[PDB]
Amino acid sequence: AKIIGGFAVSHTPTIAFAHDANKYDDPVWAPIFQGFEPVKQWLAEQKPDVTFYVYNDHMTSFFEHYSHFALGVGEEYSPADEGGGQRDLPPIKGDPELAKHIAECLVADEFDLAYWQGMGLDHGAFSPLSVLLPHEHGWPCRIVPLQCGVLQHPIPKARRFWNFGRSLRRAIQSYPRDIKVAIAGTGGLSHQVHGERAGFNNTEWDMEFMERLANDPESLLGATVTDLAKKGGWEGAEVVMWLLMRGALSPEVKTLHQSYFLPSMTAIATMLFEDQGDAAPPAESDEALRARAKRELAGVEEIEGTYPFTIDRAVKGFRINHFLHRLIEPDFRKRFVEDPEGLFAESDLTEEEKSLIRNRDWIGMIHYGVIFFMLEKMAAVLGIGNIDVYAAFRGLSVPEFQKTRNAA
């Protein structure tokens, strides 16, 4: 429940390319990689349990359904295929429990979220993270990703991004585990990569931006998209994400390192911030925020025969729910009826999950964490009426369940 500090770093694909091509000795890339060393050092020394990582997906995992604030709630993330195959990096573990605590706090504070699992993290995450963290076999921390829809307008305004972070701060601090959390803000700085203005940069705005974010972040909160894009290029306006990170840190920070390099299209910058704790108690206590985040579902456990589909349940039932969700595909459902065992053997289901499906154990699937709507697809595909499912749930014969209704 302690926030140790935060880091800002650009997230261009070129960082990853330069890492992969081993350009550490390079005349142009050597002082660039050196610019990352203090963050890397800071991260090794401090050993955060979780990094809350703020980035944008570059129209890879987020396109046809494109959200403002997408919290990754899942067990792990692998690098996304972005058009050139999957980068050879190990998957990074998520934190479903922290993520769920964060969702509850943020909803209580009236932020509107999306939740996602199973999708690849693109270079927005894996490019800087590959350079900041050793990953020979695993990664040294867990991750809670927050994908920000900064590309399709309208997007939330600067102050909203800021207010998200303020809320996020209290969210993390009220988490009832004694763990250490770092907050990361990625993308930026000045750049524009489309249209006739492509190739635009503004070092002077970049330096100013870095100073203000560091020491007077409130003075940025009135900037508009038009302002940020005028100053920092079109895609450069993604610095709003840094504001969300800055917003989750103590109102004053110590700037343990900053660096800036502009070798190509994008201003490669980094900033390392040490959290100071709170100069004063927060407006609401950790204990009262916890009880408030819990308020919506307080006393839900007294409702018998009910299994609220909360995040933990979505994560637990993800594999099986994802599998049954594919019944909406004609080929997949044809195979489900005709050759189910071949479909199981290709799948990532546990033997226990396969077993629940094979036995048509309706209540058992409810208990395990299958959401009803996925079971209902399974029933329809198998020609089994919903009434049979309800009777199963109730431990009754079909007619005796039907008796509880009003009309045949």
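Position 1 is the first residue in the sequence shown; the rest follow in order.
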Going by the entry, of stretches 395-403 and 16-24 the one with greater average Cα B-factor is 16-24
Higher avg CA temperature factor (66-74 vs 350-358, as deposited) belongs to 350-358
The residue of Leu327, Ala248, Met265, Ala184 with the maximal C-alpha B-factor according to the PDB record is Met265
When the entry's CA B-factors for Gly118, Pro217, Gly317, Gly149 are compared, the highest one belongs to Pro217
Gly233: CA B-factor among chain residues, third -> highest
So, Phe309's CA B-factor, relative to its chain, sits in which third? The lowest
Sorting the chain's modelled residues by C-alpha B-factor and splitting them into thirds places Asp57 in the lowest
For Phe164, the third of its chain by CA B-factor is the lowest
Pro145: C-alpha B-factor third of its chain, per the entry, is the lowest
